[PDB]
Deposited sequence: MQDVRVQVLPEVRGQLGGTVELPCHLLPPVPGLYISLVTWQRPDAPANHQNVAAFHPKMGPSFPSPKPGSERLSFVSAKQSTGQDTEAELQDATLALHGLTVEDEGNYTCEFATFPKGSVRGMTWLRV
């Protein structure tokens, strides 16, 4: 089986007050490869605020942290299930504030290949 890798931008410049997207995609599509979960983290947050977004192929989205929080986050293209489509894990952040800045990591938990991640610096 072909290996998969995460494609993200190394830096995204966001406009304060507005909306910004953090593109994230798993490539290439590979037969026999399942995406079990997608997660976004802010690795520089305190541990209980590091997981900021997760998307499960049956259960859909969860935004477990207050920062940036549920009301301002969305998965632009992730679809629950026959076959769920999680290869585009692009995240959007509305009402962008200075407190939203910093590193974000997009990770795909896949089987059988395991977990793969990419990192983006959101600069404001």
Unmodelled spans of the deposited chain sequence come out as 82 to 85
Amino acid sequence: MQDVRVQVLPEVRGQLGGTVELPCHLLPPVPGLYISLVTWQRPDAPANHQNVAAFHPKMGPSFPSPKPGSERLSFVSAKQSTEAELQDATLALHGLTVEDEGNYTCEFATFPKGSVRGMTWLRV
From here on, numbers count along this sequence of modelled residues.
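Note that the rigid core is defined as the largest set of C-alphas that superpose within 1.5 Å between two forms.
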Quick note, superposing on core in 5 other deposited structures of this protein and taking C-alpha RMS, the more shifted stretch of 30 to 38 and 82 to 90 is 82 to 90
Of 1 to 9 and 113 to 121, the stretch with the higher mean C-alpha B-factor in the deposited entry is 1 to 9
For 15 to 23 versus 102 to 110, entry-based mean Cα B-factors point to 15 to 23
Comparing C-alpha B-factors across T39, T90, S62, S65 in this entry, the winner is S65
Max C-alpha B-factor within the set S77, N51, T97, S70 falls on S70
